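Peer 1: pasting the sequence and an experimental structure:
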Amino acid sequence: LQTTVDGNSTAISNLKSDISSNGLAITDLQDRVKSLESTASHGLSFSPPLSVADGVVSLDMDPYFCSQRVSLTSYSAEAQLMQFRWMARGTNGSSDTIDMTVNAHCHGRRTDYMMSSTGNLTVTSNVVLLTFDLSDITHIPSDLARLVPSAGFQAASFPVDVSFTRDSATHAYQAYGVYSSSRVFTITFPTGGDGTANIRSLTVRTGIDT
Amino acid sequence: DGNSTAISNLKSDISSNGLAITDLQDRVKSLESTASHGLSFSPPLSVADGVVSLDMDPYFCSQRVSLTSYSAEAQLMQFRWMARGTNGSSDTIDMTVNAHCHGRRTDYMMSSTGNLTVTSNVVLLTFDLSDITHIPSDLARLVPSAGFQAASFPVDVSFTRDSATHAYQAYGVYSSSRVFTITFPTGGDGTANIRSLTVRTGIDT
Amino acid sequence: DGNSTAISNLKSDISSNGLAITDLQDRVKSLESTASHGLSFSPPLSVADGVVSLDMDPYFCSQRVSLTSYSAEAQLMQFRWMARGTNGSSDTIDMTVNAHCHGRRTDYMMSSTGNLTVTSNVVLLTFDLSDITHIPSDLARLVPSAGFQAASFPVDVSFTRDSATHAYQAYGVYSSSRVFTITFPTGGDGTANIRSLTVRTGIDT
Ligand SMILES: [Cl-]
Ligand SMILES: [Cl-]
Ligand SMILES: [Zn+2]
Ligand SMILES: [Zn+2]
Ligand SMILES: [Zn+2]
Ligand SMILES: [Zn+2]
Ligand SMILES: [Zn+2]
Ligand SMILES: [Zn+2]
Ligand SMILES: [Zn+2]
């Protein structure tokens, strides 16, 4: 009986020792888990144009502007040469309309217009305004987005080159256009004289950022 | 019996350890669920030694804190290029070419002092990179992008014919990455000679 | 013997706790190895309060879900620039300048007021920002990028001399970030006056 009690006491002391070892290991774990819980990269999110899908972070790229070939580079979208007819509308120095043959070269988010006319435009003053509304294109191109300027571009007048024949002589002017809305721009240019007169063989060259 | 008290005390400590273990298990299971553990990066994003970068083509873009336009130096290349009549001419003509490369835009300004014999009212004139002998060091600035190659593109031409100037808004098209052909009116019909050909155009590379 | 049973029971629970601890140590070691810990982000990527962004120059690019071209408003600046003859002229000439700033491109359309006295067959004409009257607020739009400044660039010029028009494909080059000089033929020799000078060029900013 004395040996029972004394032996059990030694066993208890050994158990105490094990419990303290577990106690210490618990504290080390608690410190380690506290440290892990403070990890800065935990909870990261990504704002457009960055995005995550199934743990893969990507840069979302507009193919008319940029692409990747390992590094971020310029546009991958195919260029187009659009060909259509556009009835331009004279105002402010003309009441007439003129049918323009238009080639629109769309490359990246730049669209360059090259236009020439058949027929003529009667003018009454030394300056005329000519309006280009997308609704007046004879057979609207499918890719309409390429003919609409960006919000940034729309905010300013932009240069337009014009040439035409008046009294069997060709005149040419550095002129300007401006968008009155996303679908409509108007150009203003000298007519090469005063009074009622006719100009023909009108060419318009300009370009826009889309 | 003194032993019984010691046993009762040990039980309480074991139970305390158990509770702390359960708390740790819950916290570690929470840590294992952390959404950011699974993260990788797709080009043009890349990671090296824990640093995540945007890899940038210096001909297109750069950083000055924010992502901005190209840092690559522009170049004004000057060289001669033999162009080849390929329809409406079987003649050739040596062009003096200035190529202004700025970012991924390359603008051509060409002129000639020679003569081109043409046989019809339209001529096709071909520009193959192989016909540049004194090549510049960055020949990739003369190669259009895949996207740009997909369409015809505007070319202005001017020349003299029978002592008269002619100028036309004309078009070119790449038949391959190294070759484009311009198509333009010759200013008349039959066999004739045109002089002082100027060509102005540009490409996106 | 009774406390012997109780000691066996305590032993079993202590053992269970130790094994639970070993498993937690393995899981925590694994968590400590997590590759995504300590990720950082290099310009133009940045992080603020755990949100990772692409910092975008609004004159170059923007996002509309995807990374796209500039959002900044275009501007048509109008000002007077007094250009200075720096070879083949010691004269000055006042230019009316429209600068069309769209994204990081600035296109100049200039027309002259008055006559420029030239002395030779080529003139150099200098455009220093200090000579602009009523300097725009966004002066940054008139300063070429470091990349652009590295090369000469095309400039179109036209003017009148002795009642005849002349027009040349010419070139300019920046001597410093604030100053460029254009070089062009004057259409003759000796002392003369040219008028109605127009200049058209563009720069990447
Ligand atoms: Cl006992
Ligand atoms: Cl324990
Ligand atoms: Zn006129
Ligand atoms: Zn973690
Ligand atoms: Zn002709
Ligand atoms: Zn138990
Ligand atoms: Zn286990
Ligand atoms: Zn003077
Ligand atoms: Zn001349």
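Peer 2: Thanks, I have the structure now. Residues are numbered from 1 along each chain as shown, chains lettered A, B, ... in the order given. Ligands and ions are numbered 1, 2, ... in the order given.

Peer 1: which parts of chain A are strands?
Peer 2: Applying DSSP state E to chain A gives strands spanning A:45-46, A:50-53, A:56-59, A:66-69, A:71-74, A:80-91, A:97-107, A:110-117, A:120-123, A:127-133, A:158-166, A:169-181, A:184-190, A:197-209.

Peer 1: okay, those strands, which one's buried deepest?
Peer 2: Ranked by mean neighbour count, the strands of chain A are led by strand A:71-74 with a mean of 22 (mean count of other CB atoms under 10 Å in any protein chain shown). C-beta coordinates here come from the backbone N, C-alpha and C atoms, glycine included.

Peer 1: so that strand, near chain B or not?
Peer 2: Yes: Strand A:71-74 is in contact with chain B by CB under 8 Å from any CB of the partner chain, via A:71-74.

Peer 1: export the strands of chain A as JSON lines, with columns for distance to ligand 9.
Peer 2: Formatted as JSON lines, the strands of chain A follow (distance: least, CB to the ion, whole Å):
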{"stretch": "strand A:45-46", "distance to ligand 9": "59"}
{"stretch": "strand A:50-53", "distance to ligand 9": "55"}
{"stretch": "strand A:56-59", "distance to ligand 9": "51"}
{"stretch": "strand A:66-69", "distance to ligand 9": "43"}
{"stretch": "strand A:71-74", "distance to ligand 9": "38"}
{"stretch": "strand A:80-91", "distance to ligand 9": "34"}
{"stretch": "strand A:97-107", "distance to ligand 9": "30"}
{"stretch": "strand A:110-117", "distance to ligand 9": "26"}
{"stretch": "strand A:120-123", "distance to ligand 9": "31"}
{"stretch": "strand A:127-133", "distance to ligand 9": "30"}
{"stretch": "strand A:158-166", "distance to ligand 9": "20"}
{"stretch": "strand A:169-181", "distance to ligand 9": "17"}
{"stretch": "strand A:184-190", "distance to ligand 9": "24"}
{"stretch": "strand A:197-209", "distance to ligand 9": "23"}
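
Peer 1: do you know which of those lies nearest residue A:6?
Peer 2: strand A:45-46 (64.5 Å; CB to CB).

Peer 1: which neighbouring elements make contact with that closest one?
Peer 2: strand C:51-54 (3 or more CB pairs under 8 Å, 6 or more residues apart in numbering or on different chains; DSSP states H and E).

Peer 1: what does chain A have sitting close to ligand 2?
Peer 2: A:19, A:22 (CB under 5 Å from the ion).

Peer 1: okay, now the domains of chain A?
Peer 2: A:1-38, A:39-78, A:79-210 (curated CATH domains).

Peer 1: ok, the shortest one near chain B or not?
Peer 2: Going back to what we said before, that points to domain A:1-38. Yes: using CB under 8 Å from any CB, domain A:1-38 reaches chain B at A:5, A:8-9, A:12, A:15-16, A:19, A:22-23, A:26, A:29-30, A:33, A:36-37.

Peer 1: restricted to buried residues, select these in PyMOL.
Peer 2: To isolate the buried members of the residues of domain A:1-38 next to chain B in PyMOL, using 16 or more other CB atoms under 10 Å in any protein chain shown:
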select buried, chain A and resi 8+12+15+16+19+22+26+29+33+36
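
Peer 1: check whether stretch A:122-133 comes near ligand 3.
Peer 2: No: judged by CB under 5 Å from the ion, stretch A:122-133 makes no contact with ligand 3; its nearest approach is 10.5 Å.

Peer 1: what about that stretch, start to end distance?
Peer 2: Here the two ends of stretch A:122-133 are set 20 Å apart, with distance taken as CA to CA, to the nearest Å.

Peer 1: can you list the residues of chain A near ligand 3?
Peer 2: Near ligand 3, when you scan chain A using CB under 5 Å from the ion, you find A:171, A:192.

Peer 1: residues in a beta bridge with the residue in chain A positioned nearest to ligand 3, which ones?
Peer 2: At 3.2 Å from ligand 3, residue A:171 is the closest residue in chain A, using CB to the ion. Per DSSP bridges, the residues bridged to residue A:171 are residue A:164.

Peer 1: wait, what's in contact with it?
Peer 2: A:163-165, A:190, A:192 (CB atoms under 8 Å, 6 or more residues apart in numbering or on different chains).

Peer 1: swap in 10 Å and give it another go.
Peer 2: Residue A:171 makes contact with A:162-165, A:189-193, A:199, according to CB atoms under 10 Å, 6 or more residues apart in numbering or on different chains.

Peer 1: could I get these in TSV, plus columns for distance to residue A:43?
Peer 2: As requested, these are exported to TSV (distance: CB to CB, whole Å):
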residue	distance to residue A:43
A:162	59
A:163	62
A:164	65
A:165	70
A:189	59
A:190	63
A:191	66
A:192	68
A:193	72
A:199	67
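
Peer 1: columns distance to ligand 4 on top of those residues, output as CSV?
Peer 2: Below are those laid out as CSV (distance: CB to the ion, whole Å):
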residue, distance to ligand 4
A:162, 65
A:163, 68
A:164, 71
A:165, 75
A:189, 66
A:190, 70
A:191, 73
A:192, 75
A:193, 79
A:199, 74
